[PDB]
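**Q** I have a structure here, written as structure tokens, and I will follow up with some questions on it.
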There are 2 protein chains.
Amino acid sequence: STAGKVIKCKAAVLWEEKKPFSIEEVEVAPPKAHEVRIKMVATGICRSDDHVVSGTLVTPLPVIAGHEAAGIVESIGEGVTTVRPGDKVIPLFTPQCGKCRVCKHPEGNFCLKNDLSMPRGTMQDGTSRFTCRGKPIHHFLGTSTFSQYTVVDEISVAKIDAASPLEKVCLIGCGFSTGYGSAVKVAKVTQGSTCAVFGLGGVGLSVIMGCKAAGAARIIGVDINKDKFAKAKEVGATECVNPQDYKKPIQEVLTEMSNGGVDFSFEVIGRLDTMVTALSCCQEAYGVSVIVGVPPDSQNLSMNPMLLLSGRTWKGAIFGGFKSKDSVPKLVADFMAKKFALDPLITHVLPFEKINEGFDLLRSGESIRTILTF
Amino acid sequence: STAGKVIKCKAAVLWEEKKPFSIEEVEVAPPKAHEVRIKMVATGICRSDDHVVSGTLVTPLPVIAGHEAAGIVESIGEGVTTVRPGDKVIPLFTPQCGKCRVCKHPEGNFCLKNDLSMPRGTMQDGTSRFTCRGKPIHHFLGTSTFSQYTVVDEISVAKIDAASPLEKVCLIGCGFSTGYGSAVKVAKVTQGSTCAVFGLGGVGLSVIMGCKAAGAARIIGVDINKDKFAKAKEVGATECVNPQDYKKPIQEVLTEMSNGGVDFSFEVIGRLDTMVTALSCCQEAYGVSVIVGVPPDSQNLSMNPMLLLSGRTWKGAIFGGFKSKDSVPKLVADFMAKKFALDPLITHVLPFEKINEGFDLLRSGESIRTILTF
Ligand SMILES: NC(=O)c1ccc[n+]([C@@H]2O[C@H](COP(=O)([O-])OP(=O)(O)OC[C@H]3O[C@@H](n4cnc5c(N)ncnc54)[C@H](O)[C@@H]3O)[C@@H](O)[C@H]2O)c1
Ligand SMILES: NC(=O)c1ccc[n+]([C@@H]2O[C@H](COP(=O)([O-])OP(=O)(O)OC[C@H]3O[C@@H](n4cnc5c(N)ncnc54)[C@H](O)[C@@H]3O)[C@@H](O)[C@H]2O)c1
Ligand SMILES: [Zn+2]
Ligand SMILES: [Zn+2]
Ligand SMILES: [Zn+2]
Ligand SMILES: [Zn+2]
């Protein structure tokens with residue numbers, strides 16, 4: 001195994017929408033200017049990949065999805081100084097350039113050179129690295145980790161502790177940092193406060209873990225699928241409310257149940273109705289609603305601005321407000337100190353060739369996170 | 001003059017919408033328990049009164065509007081311990097009871113016993129005091145000051161110092177505290193930041209005064225009426241942009257002028273497309289847009305939630321985040337130290353009987369504030 005050879009490995013190429021991930025053979029180019037090629041170890045299955053295959057994230061197809069992962073650097077670029085081959089890394093959902101306008105600001109992680117505002121499906125030089133049956137396959141958000149080998153940039157890769165169990169640590173890359181960081185850093189949950197969480201996936205259970213870590217008194221988990229409440233109460237949900245039980249709207253349910261509205265509210269579903277709902281179930285004068293789940297594309301809201309004008313605050317968060325190269329090594333380093341229990345997010349551990357199976361476990365609602373070990 | 005007699009005095013009663021303020025003879029009942037009856041001195045003309053006569057604030061009419069005022073306590077009710085007859089006070093657009101859930105929160109001024117979320121047009125005993133030709137006339141948000149005498153509550157009145165020129169100090173009651181407080185307290189404008197202000201009335205010029213007072217580098221004033229730019233540059237507007245000059249949409253005008261969007265943005269107009277515009281002209285990762293102007297009633301927005309989801313923050317503010325009985329005496333006390341120059345808001349000083357004239361100066365765009373001295 002040399003450093004500048006093209007690797008024929010296996011990947012899960014998605015060709016067009018509403019079709020299964022075709023696990024096929026791809027050629028992977030060596031690292032060009034300021035790149036890192038990663039032997040991939042464990043890759044989580046996020047709902048954003050289901051947003052790719054369902055069509056609510058418009059990315060240029062054919063694509064290799066996957067952004068929630070950890071791996072080992074196997075070949076290195078020409079001038080990169082952060083990582084060297086052999087050490088465990090996490091591919092970063094949002095890069096940290098260090099030179100841009102956002103990266104020099106005290107708050108703000110959404111770098112200007114990411115791939116989510118205007119998705120090009122490629123790397124920052126303009127050219128892809130995956131070729132499958134002679135045609136190029138697009139990347140996904142600069143990580144594209146549904147393969148045995150991926151190629152990322154230096155600014156979108158994070159060096160983590162060398163003794164990290166990657167099958168669990170791969171959740172720091174997208175899901176847990178989004179939820180936990182959305183609770184403790186974006187919303188800034190104060191002690192004794194009352195929180196509401198809309199959606200109990202890996203992100204929502206991470207929100208409950210963050211609100212419990214910030215010392216919230218009541219944490220209210222709101223979800224249709226009632227089985228997930230049995231998970232939510234073990235990570236901090238003191239109350240659990242199903243919208244399908246109540247013919248009254250759930251705005252007024254969380255209003256009367258939490259004495260006029262919750263203090264902090266979170267929407268991790270990704271639907272517009274629960275965005276407006278999660279805003280309107282806050283307190284009218286000091287409520288903070290954080291949008292976490294991504295909406296379907298080219299679709300707007302219908303929102304009464306008086307809901308904001310009485311005193312609410314309505315934020316958003318990508319990767320939980322965490323500057324990635326700065327916060328991922330200290331979140332894995334804080335996982336070393338057992339600060340958070342990352343085990344209740346993982347429900348299924350499957351090999352890579354069963355990848356569609358994992359997505360069925362994501363689409364039938366029978367799983368929280370399905371880890372793809374390689 | 002005694003303390004418990006019904007007083008015939010002149011007022012500007014608005015009977016039904018889209019009609020002039022009929023200045024007629026009203027009777028004012030004496031103040032009941034925990035109420036204050038005020039010799040009114042000077043009453044400013046706000047755009048929210050034009051929102052009453054235009055129909056975008058659904059209140060129960062016939063109503064005596066007007067909330068920007070300063071007066072003298074002339075008779076007192078029982079149980080009132082704060083103010084005593086003879087001292088200058090300011091009626092409060094939003095009360096501060098001190099016992100509610102909002103009034104014990106560190107941030108949040110929107111008290112639960114106000115009259116703006118569910119407007120009843122009366123006081124907390126459910127009973128008005130203005131009778132005109134035998135029929136009762138409704139209050140306006142518990143501070144109905146288009147009359148020579150008025151009756152407010154103890155929770156909705158603020159004792160100011162005895163040496164205050166009320167013809168200028170009456171703008172602390174609604175307008176200036178909304179603008180200045182929206183800049184320095186709700187948005188928390190940091191040192192050297194870049195601000196944008198949509199609308200250059202009394203509230204918008206107060207926003208510019210607050211952003212300059214918090215040390216903003218660039219303050220961009222955006223308004224259709226170009227004459228108002230000649231006022232805005234004397235209170236801090238380093239740049240001034242007209243949307244009517246630019247055939248390109250003003251969102252990417254403010255994005256191109258401020259290199260990716262302004263740091264803080266403010267919408268003090270009170271209309272929906274400028275709210276979505278003022279949100280979208282912030283920075284994608286650390287922008288804060290504050291809604292100030294009240295929208296038309298029961299009309300929603302059409303807003304792309306990705307604008308919030310990249311990292312923006314979208315707030316609102318009634319009375320600029322100021323707890324009223326706590327902040328009005330220290331804002332008049334800070335007017336004593338000449339901390340802010342309140343003269344450039346006042347453009348016209350008219351008597352009360354010319355009140356419709358002042359509203360014409362509000363509706364033709366030829367004035368900033370029209371003070372109604374008695
Ligand atoms: N902002 C970010 O950076 C970021 C990062 C990761 C994921 N996400 C987004 O988070 C979203 C969900 O991710 P996930 O990990 O939580 O998986 P998930 O979709 O399985 O969890 C969402 C839950 O919402 C519930 N749901 C659907 N409709 C509902 C309704 N009316 N009321 C209540 N609940 C309802 C579902 O039961 C589901 O359990 C996705 O859209 C993903 O894109 C955002
Ligand atoms: N939140 C609060 O507590 C509070 C308090 C006082 C006033 N207000 C609201 O503030 C709003 C107006 O306040 P004001 O005192 O400045 O009155 P104003 O009418 O003098 O200011 C409005 C300005 O908006 C501008 N305008 C209209 N359309 C525009 C457009 N497309 N683009 C740019 N500018 C446009 C007008 O030129 C005007 O200068 C009102 O809705 C009023 O109710 C809110
Ligand atoms: Zn993910
Ligand atoms: Zn950056
Ligand atoms: Zn006003
Ligand atoms: Zn109160």
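Following the order of the structure tokens, first chain is A, next is B, and so on, with residues numbered from 1 inside each chain and ligands from 1 in the order they appear.
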So which residues of range 46-265 of chain A fall under alpha helix (DSSP H) by DSSP, listed as a PyMOL selection string?
**A** chain A and resi 47-54+166-169+175-181+202-213+229-232+250-257
**Q** As a list in words, please: every protein or nucleic acid residue near ligand 4 (cut-off 10 Å, counting only C-alpha atoms and all ligand atoms).
**A** residues 94, 95, 96, 97, 98, 99, 100, 101, 102, 103, 104, 105, 108, 109, 110, 111, 112, 113, 114, 155, 156, 323 and 324 of chain A
**Q** Put those residues in a file: N, CA and C atoms, as a PDB file, in the first residue's frame.
**A**
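As a result, out_5.pdb now contains:
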```
ATOM      1  N   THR A  94     -19.290  20.194   9.121  1.00  0.00           N
ATOM      2  CA  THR A  94     -19.044  21.572   8.755  1.00  0.00           C
ATOM      3  C   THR A  94     -17.577  21.887   9.002  1.00  0.00           C
ATOM      4  N   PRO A  95     -16.840  22.380   8.014  1.00  0.00           N
ATOM      5  CA  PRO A  95     -15.403  22.588   8.199  1.00  0.00           C
ATOM      6  C   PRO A  95     -15.121  23.794   9.077  1.00  0.00           C
ATOM      7  N   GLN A  96     -13.872  23.882   9.525  1.00  0.00           N
ATOM      8  CA  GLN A  96     -13.375  25.062  10.228  1.00  0.00           C
ATOM      9  C   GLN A  96     -12.121  25.519   9.498  1.00  0.00           C
ATOM     10  N   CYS A  97     -12.273  26.538   8.659  1.00  0.00           N
ATOM     11  CA  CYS A  97     -11.156  27.034   7.867  1.00  0.00           C
ATOM     12  C   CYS A  97     -10.150  27.786   8.722  1.00  0.00           C
ATOM     13  N   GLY A  98     -10.629  28.628   9.632  1.00  0.00           N
ATOM     14  CA  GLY A  98      -9.766  29.470  10.425  1.00  0.00           C
ATOM     15  C   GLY A  98      -9.450  30.808   9.801  1.00  0.00           C
ATOM     16  N   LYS A  99      -9.657  30.959   8.497  1.00  0.00           N
ATOM     17  CA  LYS A  99      -9.344  32.190   7.797  1.00  0.00           C
ATOM     18  C   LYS A  99     -10.574  32.990   7.411  1.00  0.00           C
ATOM     19  N   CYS A 100     -11.764  32.406   7.498  1.00  0.00           N
ATOM     20  CA  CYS A 100     -12.953  33.069   6.999  1.00  0.00           C
ATOM     21  C   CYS A 100     -13.493  34.055   8.027  1.00  0.00           C
ATOM     22  N   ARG A 101     -14.626  34.653   7.678  1.00  0.00           N
ATOM     23  CA  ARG A 101     -15.260  35.652   8.524  1.00  0.00           C
ATOM     24  C   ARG A 101     -15.948  35.007   9.717  1.00  0.00           C
ATOM     25  N   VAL A 102     -16.552  33.838   9.511  1.00  0.00           N
ATOM     26  CA  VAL A 102     -17.260  33.144  10.579  1.00  0.00           C
ATOM     27  C   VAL A 102     -16.277  32.523  11.561  1.00  0.00           C
ATOM     28  N   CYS A 103     -15.170  31.987  11.053  1.00  0.00           N
ATOM     29  CA  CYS A 103     -14.216  31.274  11.892  1.00  0.00           C
ATOM     30  C   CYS A 103     -13.414  32.186  12.807  1.00  0.00           C
ATOM     31  N   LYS A 104     -13.475  33.500  12.616  1.00  0.00           N
ATOM     32  CA  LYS A 104     -12.824  34.443  13.511  1.00  0.00           C
ATOM     33  C   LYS A 104     -13.799  35.138  14.445  1.00  0.00           C
ATOM     34  N   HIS A 105     -15.018  34.791  14.401  1.00  0.00           N
ATOM     35  CA  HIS A 105     -16.104  35.280  15.230  1.00  0.00           C
ATOM     36  C   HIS A 105     -16.234  34.392  16.462  1.00  0.00           C
ATOM     37  N   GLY A 108     -20.597  31.126  16.090  1.00  0.00           N
ATOM     38  CA  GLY A 108     -20.782  30.864  14.682  1.00  0.00           C
ATOM     39  C   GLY A 108     -19.826  29.804  14.185  1.00  0.00           C
ATOM     40  N   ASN A 109     -20.370  28.714  13.654  1.00  0.00           N
ATOM     41  CA  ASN A 109     -19.575  27.619  13.130  1.00  0.00           C
ATOM     42  C   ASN A 109     -19.756  27.393  11.640  1.00  0.00           C
ATOM     43  N   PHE A 110     -20.758  28.006  11.032  1.00  0.00           N
ATOM     44  CA  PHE A 110     -21.141  27.774   9.646  1.00  0.00           C
ATOM     45  C   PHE A 110     -20.125  28.480   8.760  1.00  0.00           C
ATOM     46  N   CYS A 111     -19.065  27.759   8.399  1.00  0.00           N
ATOM     47  CA  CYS A 111     -17.992  28.302   7.578  1.00  0.00           C
ATOM     48  C   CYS A 111     -18.485  28.639   6.175  1.00  0.00           C
ATOM     49  N   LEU A 112     -17.777  29.561   5.525  1.00  0.00           N
ATOM     50  CA  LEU A 112     -18.192  30.006   4.202  1.00  0.00           C
ATOM     51  C   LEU A 112     -17.879  28.991   3.120  1.00  0.00           C
ATOM     52  N   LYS A 113     -16.900  28.123   3.347  1.00  0.00           N
ATOM     53  CA  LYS A 113     -16.473  27.147   2.352  1.00  0.00           C
ATOM     54  C   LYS A 113     -16.987  25.756   2.661  1.00  0.00           C
ATOM     55  N   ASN A 114     -18.222  25.649   3.131  1.00  0.00           N
ATOM     56  CA  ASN A 114     -18.857  24.354   3.288  1.00  0.00           C
ATOM     57  C   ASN A 114     -19.628  24.002   2.019  1.00  0.00           C
ATOM     58  N   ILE A 155      -9.332  20.986   6.485  1.00  0.00           N
ATOM     59  CA  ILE A 155     -10.188  21.814   7.328  1.00  0.00           C
ATOM     60  C   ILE A 155     -11.474  21.122   7.732  1.00  0.00           C
ATOM     61  N   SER A 156     -11.825  20.016   7.089  1.00  0.00           N
ATOM     62  CA  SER A 156     -13.007  19.242   7.442  1.00  0.00           C
ATOM     63  C   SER A 156     -12.622  17.850   7.930  1.00  0.00           C
ATOM     64  N   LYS A 323     -17.643  24.840  16.589  1.00  0.00           N
ATOM     65  CA  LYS A 323     -16.547  24.922  15.637  1.00  0.00           C
ATOM     66  C   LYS A 323     -15.821  23.586  15.634  1.00  0.00           C
ATOM     67  N   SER A 324     -15.750  22.949  14.464  1.00  0.00           N
ATOM     68  CA  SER A 324     -15.607  21.498  14.407  1.00  0.00           C
ATOM     69  C   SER A 324     -14.214  21.030  14.807  1.00  0.00           C
TER      70      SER A 324
END
```
**Q** Point out the residue among B:363, B:135, B:32, B:129 with the least atom-to-atom distance to ligand 2, counting only C-alpha atoms and all ligand atoms.
**A**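 Between B:363, B:135, B:32, B:129, the residue approaching ligand 2 most closely is B:363.
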**Q** Taking only C-alpha atoms into account, which residues of chain A are within 10 Å of chain B, as a tab-separated table (two decimals) with N, CA, C and O atoms, in the first residue's frame?
**A**
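Heads up, here's the output in selection_39.tsv:
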```
chain	number	residue	atom	x	y	z
A	101	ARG	N	-14.63	34.65	7.68
A	101	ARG	CA	-15.26	35.65	8.52
A	101	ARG	C	-15.95	35.01	9.72
A	101	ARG	O	-15.92	35.55	10.83
A	102	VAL	N	-16.55	33.84	9.51
A	102	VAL	CA	-17.26	33.14	10.58
A	102	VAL	C	-16.28	32.52	11.56
A	102	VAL	O	-16.48	32.56	12.78
A	103	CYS	N	-15.17	31.99	11.05
A	103	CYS	CA	-14.22	31.27	11.89
A	103	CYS	C	-13.41	32.19	12.81
A	103	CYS	O	-12.73	31.68	13.70
A	105	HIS	N	-15.02	34.79	14.40
A	105	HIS	CA	-16.10	35.28	15.23
A	105	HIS	C	-16.23	34.39	16.46
A	105	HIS	O	-15.99	33.19	16.38
A	106	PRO	N	-16.57	34.96	17.62
A	106	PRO	CA	-16.66	34.14	18.85
A	106	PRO	C	-17.75	33.09	18.81
A	106	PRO	O	-17.55	31.98	19.30
A	107	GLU	N	-18.91	33.41	18.25
A	107	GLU	CA	-19.96	32.43	18.01
A	107	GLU	C	-20.24	32.33	16.52
A	107	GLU	O	-20.10	33.29	15.77
A	108	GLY	N	-20.60	31.13	16.09
A	108	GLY	CA	-20.78	30.86	14.68
A	108	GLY	C	-19.83	29.80	14.18
A	108	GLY	O	-18.61	29.96	14.28
A	109	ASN	N	-20.37	28.71	13.65
A	109	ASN	CA	-19.57	27.62	13.13
A	109	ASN	C	-19.76	27.39	11.64
A	109	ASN	O	-18.98	26.64	11.05
A	110	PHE	N	-20.76	28.01	11.03
A	110	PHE	CA	-21.14	27.77	9.65
A	110	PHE	C	-20.12	28.48	8.76
A	110	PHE	O	-20.28	29.65	8.42
A	111	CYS	N	-19.06	27.76	8.40
A	111	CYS	CA	-17.99	28.30	7.58
A	111	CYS	C	-18.48	28.64	6.17
A	111	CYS	O	-19.47	28.09	5.68
A	112	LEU	N	-17.78	29.56	5.53
A	112	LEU	CA	-18.19	30.01	4.20
A	112	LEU	C	-17.88	28.99	3.12
A	112	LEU	O	-18.53	29.01	2.07
A	116	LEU	N	-23.18	23.11	2.00
A	116	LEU	CA	-24.58	22.95	2.37
A	116	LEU	C	-25.46	24.11	1.94
A	116	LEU	O	-26.63	23.89	1.61
A	117	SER	N	-24.94	25.34	1.93
A	117	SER	CA	-25.74	26.47	1.45
A	117	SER	C	-25.96	26.37	-0.05
A	117	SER	O	-27.10	26.34	-0.52
A	186	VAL	N	-26.00	26.50	21.87
A	186	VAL	CA	-26.82	27.40	21.07
A	186	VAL	C	-27.95	27.98	21.92
A	186	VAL	O	-28.11	29.20	22.00
A	259	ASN	N	-47.33	25.40	32.43
A	259	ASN	CA	-47.72	26.67	33.05
A	259	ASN	C	-47.36	27.86	32.15
A	259	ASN	O	-46.53	28.71	32.48
A	260	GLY	N	-48.01	27.89	31.00
A	260	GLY	CA	-47.89	29.00	30.08
A	260	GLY	C	-46.80	28.88	29.05
A	260	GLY	O	-46.44	29.89	28.43
A	270	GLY	N	-37.57	18.30	11.59
A	270	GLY	CA	-37.34	18.75	10.24
A	270	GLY	C	-38.59	19.02	9.45
A	270	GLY	O	-38.52	19.04	8.21
A	271	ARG	N	-39.72	19.23	10.11
A	271	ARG	CA	-40.97	19.55	9.45
A	271	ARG	C	-41.41	20.95	9.85
A	271	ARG	O	-41.12	21.41	10.95
A	272	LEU	N	-42.13	21.60	8.95
A	272	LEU	CA	-42.47	23.01	9.11
A	272	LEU	C	-43.52	23.23	10.19
A	272	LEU	O	-43.47	24.24	10.92
A	275	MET	N	-41.98	23.25	13.45
A	275	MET	CA	-41.18	24.45	13.64
A	275	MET	C	-42.03	25.59	14.17
A	275	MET	O	-41.68	26.22	15.18
A	283	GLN	N	-42.44	30.22	26.00
A	283	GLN	CA	-42.98	31.35	26.75
A	283	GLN	C	-42.98	32.59	25.86
A	283	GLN	O	-42.04	32.81	25.11
A	284	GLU	N	-44.06	33.38	25.94
A	284	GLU	CA	-44.23	34.53	25.07
A	284	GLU	C	-43.18	35.62	25.27
A	284	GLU	O	-42.92	36.38	24.34
A	285	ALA	N	-42.58	35.71	26.45
A	285	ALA	CA	-41.68	36.81	26.76
A	285	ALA	C	-40.23	36.41	26.86
A	285	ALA	O	-39.36	37.24	26.59
A	286	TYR	N	-39.92	35.18	27.25
A	286	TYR	CA	-38.52	34.77	27.32
A	286	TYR	C	-38.28	33.39	26.71
A	286	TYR	O	-37.30	32.73	27.07
A	287	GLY	N	-39.12	32.94	25.80
A	287	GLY	CA	-38.91	31.65	25.19
A	287	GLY	C	-37.81	31.68	24.15
A	287	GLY	O	-37.58	32.68	23.48
A	288	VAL	N	-37.10	30.56	24.05
A	288	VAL	CA	-36.09	30.35	23.01
A	288	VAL	C	-36.39	29.03	22.34
A	288	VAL	O	-36.29	27.97	22.97
A	290	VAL	N	-35.18	26.57	19.28
A	290	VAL	CA	-34.04	26.28	18.41
A	290	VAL	C	-34.50	25.32	17.33
A	290	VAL	O	-35.08	24.27	17.63
A	291	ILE	N	-34.29	25.70	16.08
A	291	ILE	CA	-34.54	24.82	14.95
A	291	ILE	C	-33.30	23.97	14.73
A	291	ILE	O	-32.19	24.50	14.60
A	292	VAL	N	-33.48	22.66	14.68
A	292	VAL	CA	-32.38	21.72	14.48
A	292	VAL	C	-32.55	20.92	13.20
A	292	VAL	O	-31.63	20.83	12.38
A	293	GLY	N	-33.73	20.35	12.99
A	293	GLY	CA	-33.96	19.52	11.83
A	293	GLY	C	-34.12	20.34	10.56
A	293	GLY	O	-34.78	21.38	10.55
A	294	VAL	N	-33.52	19.85	9.48
A	294	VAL	CA	-33.50	20.57	8.21
A	294	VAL	C	-34.85	20.42	7.51
A	294	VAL	O	-35.46	19.34	7.55
A	295	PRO	N	-35.38	21.48	6.92
A	295	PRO	CA	-36.68	21.39	6.26
A	295	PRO	C	-36.53	20.88	4.84
A	295	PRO	O	-35.41	20.88	4.30
A	296	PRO	N	-37.61	20.43	4.22
A	296	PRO	CA	-37.54	20.12	2.79
A	296	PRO	C	-37.36	21.38	1.96
A	296	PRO	O	-37.78	22.47	2.35
A	297	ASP	N	-36.72	21.22	0.81
A	297	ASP	CA	-36.21	22.35	0.06
A	297	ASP	C	-37.30	23.09	-0.69
A	297	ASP	O	-38.31	22.51	-1.09
A	298	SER	N	-37.07	24.40	-0.86
A	298	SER	CA	-37.94	25.33	-1.60
A	298	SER	C	-39.36	25.38	-1.03
A	298	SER	O	-40.33	25.58	-1.77
A	299	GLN	N	-39.49	25.21	0.28
A	299	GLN	CA	-40.78	25.29	0.95
A	299	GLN	C	-40.67	26.25	2.11
A	299	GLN	O	-39.76	26.13	2.94
A	300	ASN	N	-41.59	27.21	2.18
A	300	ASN	CA	-41.56	28.25	3.18
A	300	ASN	C	-42.50	27.91	4.33
A	300	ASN	O	-43.10	26.83	4.38
A	301	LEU	N	-42.64	28.85	5.25
A	301	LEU	CA	-43.49	28.71	6.42
A	301	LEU	C	-44.74	29.55	6.28
A	301	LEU	O	-45.00	30.17	5.24
A	302	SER	N	-45.52	29.56	7.35
A	302	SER	CA	-46.66	30.46	7.50
A	302	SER	C	-46.73	30.74	9.00
A	302	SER	O	-47.26	29.91	9.75
A	303	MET	N	-46.19	31.87	9.42
A	303	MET	CA	-45.88	32.10	10.82
A	303	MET	C	-46.37	33.48	11.22
A	303	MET	O	-46.13	34.46	10.50
A	304	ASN	N	-47.04	33.56	12.36
A	304	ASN	CA	-47.56	34.83	12.86
A	304	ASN	C	-46.44	35.58	13.56
A	304	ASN	O	-45.97	35.11	14.60
A	305	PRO	N	-46.02	36.74	13.06
A	305	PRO	CA	-44.83	37.41	13.62
A	305	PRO	C	-45.01	37.94	15.02
A	305	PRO	O	-44.01	38.22	15.69
A	306	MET	N	-46.26	38.06	15.49
A	306	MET	CA	-46.51	38.44	16.88
A	306	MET	C	-45.95	37.42	17.86
A	306	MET	O	-45.59	37.79	18.98
A	307	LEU	N	-45.87	36.14	17.44
A	307	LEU	CA	-45.19	35.12	18.22
A	307	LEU	C	-43.76	35.50	18.52
A	307	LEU	O	-43.28	35.31	19.64
A	308	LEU	N	-43.06	36.10	17.56
A	308	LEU	CA	-41.74	36.60	17.89
A	308	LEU	C	-41.81	37.92	18.64
A	308	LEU	O	-40.97	38.17	19.50
A	309	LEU	N	-42.82	38.74	18.36
A	309	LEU	CA	-42.74	40.14	18.73
A	309	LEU	C	-43.03	40.35	20.21
A	309	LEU	O	-42.63	41.38	20.76
A	310	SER	N	-43.68	39.39	20.87
A	310	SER	CA	-43.90	39.51	22.30
A	310	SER	C	-42.63	39.26	23.10
A	310	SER	O	-42.58	39.65	24.27
A	311	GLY	N	-41.61	38.66	22.52
A	311	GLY	CA	-40.37	38.48	23.24
A	311	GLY	C	-39.66	37.15	23.05
A	311	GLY	O	-38.65	36.89	23.71
A	312	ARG	N	-40.16	36.30	22.16
A	312	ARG	CA	-39.51	35.03	21.91
A	312	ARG	C	-38.22	35.21	21.13
A	312	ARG	O	-37.91	36.28	20.61
A	313	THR	N	-37.45	34.13	21.06
A	313	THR	CA	-36.19	34.10	20.35
A	313	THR	C	-36.16	32.81	19.55
A	313	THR	O	-36.42	31.75	20.10
A	314	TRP	N	-35.86	32.91	18.26
A	314	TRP	CA	-36.01	31.76	17.37
A	314	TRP	C	-34.72	31.57	16.57
A	314	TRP	O	-34.46	32.30	15.62
A	315	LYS	N	-33.93	30.58	16.98
A	315	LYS	CA	-32.58	30.38	16.51
A	315	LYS	C	-32.51	29.17	15.59
A	315	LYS	O	-33.48	28.43	15.41
A	316	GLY	N	-31.32	28.97	15.03
A	316	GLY	CA	-31.00	27.74	14.34
A	316	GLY	C	-29.60	27.29	14.72
A	316	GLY	O	-28.88	27.99	15.43
A	317	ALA	N	-29.25	26.10	14.24
A	317	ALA	CA	-27.99	25.49	14.63
A	317	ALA	C	-27.62	24.42	13.62
A	317	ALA	O	-28.42	23.51	13.36
A	318	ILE	N	-26.42	24.51	13.06
A	318	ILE	CA	-25.80	23.43	12.33
A	318	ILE	C	-24.59	22.97	13.12
A	318	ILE	O	-23.75	23.79	13.50
A	319	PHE	N	-24.55	21.66	13.41
A	319	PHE	CA	-23.53	21.00	14.25
A	319	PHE	C	-23.53	21.57	15.67
A	319	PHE	O	-22.52	21.54	16.37
A	320	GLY	N	-24.68	22.07	16.11
A	320	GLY	CA	-24.84	22.48	17.49
A	320	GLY	C	-24.03	23.68	17.93
A	320	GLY	O	-23.73	23.81	19.11
A	321	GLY	N	-23.67	24.55	17.00
A	321	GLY	CA	-22.86	25.70	17.35
A	321	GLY	C	-21.39	25.40	17.59
A	321	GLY	O	-20.66	26.29	18.03
```
**Q** Among range 143-273 of chain B, which ones does DSSP assign to strand (DSSP E) (computed from the backbone)? Answer as a list in words.
**A**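 Everything in range 143-273 of chain B that counts as strand (DSSP E) is residues 149, 150, 151, 152, 153, 157, 158, 159, 194, 195, 196, 197, 198, 218, 219, 220, 221, 222, 239, 240, 241, 264, 265, 266 and 267 of chain B.
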**Q** Any idea what's packed within 7 Å of residue 194 in chain B, counting only C-alpha atoms, ignoring anything in its chain fewer than 2 positions away? Could you give it as a count of residues only?
**A** 8
**Q** List all protein, DNA and RNA residues that have at least one atom no more than 7 Å from any atom of ligand 3, counting only C-alpha atoms and all ligand atoms, and write them as a list in words.
**A**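 Using only C-alpha atoms and all ligand atoms, I find these residues within 7 Å of ligand 3: residues 45, 46, 47, 48, 67, 68, 174 and 175 of chain A.
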**Q** Would you write out those residues with C-alpha atoms, as a PDB file, in the first residue's frame?
**A**
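File produced: selection_39.pdb:
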```
ATOM      1  CA  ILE A  45     -26.692   6.349   9.509  1.00  0.00           C
ATOM      2  CA  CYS A  46     -28.207   9.804   9.812  1.00  0.00           C
ATOM      3  CA  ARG A  47     -31.656  10.966   8.817  1.00  0.00           C
ATOM      4  CA  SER A  48     -29.991  13.531   6.517  1.00  0.00           C
ATOM      5  CA  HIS A  67     -21.357  12.240   7.017  1.00  0.00           C
ATOM      6  CA  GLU A  68     -21.532  10.653  10.493  1.00  0.00           C
ATOM      7  CA  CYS A 174     -22.869  14.488  13.210  1.00  0.00           C
ATOM      8  CA  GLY A 175     -25.621  13.566  15.626  1.00  0.00           C
TER       9      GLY A 175
END
```
**Q** Residues near residue 27 in chain A, anyone? I mean within 7 Å using only C-alpha atoms, not counting same-chain ones fewer than 4 positions away, as a list in words.
**A** residues 6, 7, 8, 9, 130, 131 and 132 of chain A
**Q** Just the residues within 10 Å of range 231-233 of chain B, please, counting only C-alpha atoms, with nothing from its chain fewer than 2 positions along; format it as a ChimeraX atom specification.
**A** /B:200-201,204-206,208-209,219-222,226-229,235-240,344-345,368
**Q** Closest to ligand 5 among B:30, B:243, B:66, B:77, using only C-alpha atoms and all ligand atoms?
**A**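 Nearest to ligand 5: B:66.
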**Q** Fewer than 2 positions away in the same chain doesn't count, so skip those; otherwise give me all residues within 9 Å of range 55-62 of chain B, counting only C-alpha atoms, as a PyMOL selection string.
**A** chain B and resi 13-18+48-53+64+116+118-121+136-141+294-297
**Q** Figure out the distance between CA of residue 42 in chain B and CA of residue 80 in chain B, please, to one decimal in Å.
**A**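 Straight-line distance from CA of residue 80 in chain B to CA of residue 42 in chain B works out to 23.6 Å.
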**Q** For CA of residue 282 in chain B and CA of residue 277 in chain A, determine how far apart the two atoms are, in Å to one decimal place.
**A**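 Taking CA of residue 282 in chain B and CA of residue 277 in chain A, their separation equals 24.2 Å.
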